[PDB]
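The data below hold one chain only, encoded as structure tokens and taken in the form deposited without nicotinamide-adenine-dinucleotide (NAD).
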């Protein structure tokens, strides 16, 4: 409720109001954070500006940042350095890209390292880098290794690196959702708000001892070992 007061975070991956990243943004906002949003292209630019505009409180920067474009990614964090100086985390949470879910998984896998490289330059007081896998796995193997590499590389600078694995979300197939509602320990599917509230923890000082972790927000389904069912 004031867990994140005084802290500023970059949120990547907002496409519309049902985006997992918009759940993260809403949660971070409610915990008192200032937000900087990125947008890939012209289409998403408007969607992000309009959603950001619906938040009440500290102004939100909205900046271009195609994470597959090294020049633009670098430019984005240069703008951040010049205008706010220090940030306290990045939500690398692109779960759909313009098939679209797989595309986002691949882009997430090969862009995390460069994102962390630029983020380190403006996280001079430490903080957390969050990445997201949406379950709704060559790229997953890659992301897992990258998180461990970056956690080990950046921890000495006070920067934690963690992942959330989010289960299928109805507003994002009916046979898959029914299986989860019937068989997952919590007997329900995941929400964007549940993912966002776990992100609040990971970005907060409560999680200062947690790094290199992959937290499942999937109603417990992961414990069942039903990957190939």
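Note that the rigid core is defined as the largest set of C-alphas that superpose within 1.5 Å between two forms. Residue numbers count along the first chain shown, from 1.
Below: the form solved in complex with nicotinamide-adenine-dinucleotide (NAD), not depicted.
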- Item | Ligand-site obstruction classification: nicotinamide-adenine-dinucleotide (NAD), superposed in the entry with it bound, backbone or C-beta within 2.4 Å | blocked
- Message: Under a 4.5 Å heavy atom criterion, is residue 19 part of the interface with nicotinamide-adenine-dinucleotide (NAD) in the entry with it bound?
- Response: yes
- May I ask you to check whether residue 95 falls inside a 4.5 Å heavy atom distance of nicotinamide-adenine-dinucleotide (NAD) in the entry with it bound? yes
- Query: How about residue 14: is it within 4.5 Å of nicotinamide-adenine-dinucleotide (NAD) in the entry with it bound, going by heavy atoms?
  - Reply: yes
- Message: Please tell me whether any heavy atom belonging to residue 168 falls inside 4.5 Å of a heavy atom of nicotinamide-adenine-dinucleotide (NAD), as the geometry stands in the entry with it bound.
- Response: yes
- Go through 65, 35, 184, 51 and name the one with a heavy atom inside 4.5 Å of nicotinamide-adenine-dinucleotide (NAD) in the entry with it bound. 65
- Answer option from 140, 148, 81, 120, heavy atom within 4.5 Å of nicotinamide-adenine-dinucleotide (NAD) in the entry with it bound: 140
- Query: Can you say which of 151 to 159, 82 to 90, 67 to 75, 122 to 130 gets within 4.5 Å of nicotinamide-adenine-dinucleotide (NAD) in the entry with it bound, counting heavy atoms only?
  - Reply: 67 to 75
- Item | Residues within stretch 98 to 118 having a non-hydrogen atom within 4.5 Å of nicotinamide-adenine-dinucleotide (NAD) in the entry with it bound | 107
- Message: After superposing on the rigid core, which residue out of 119, 80, 151, 104 has its C-alpha displaced by 2 Å or more between this form and the one not shown?
- Response: 104
- Task: Work out whether the Cα atoms of residue 106 and residue 69 come closer together or move farther apart in the entry with it bound than they are in this form, the change being 3 angstroms or more.
- Result: closer
- Cα-Cα trend for residue 106 and residue 73, given that in the entry with it bound the distance shifts by 3 Å or more: closer
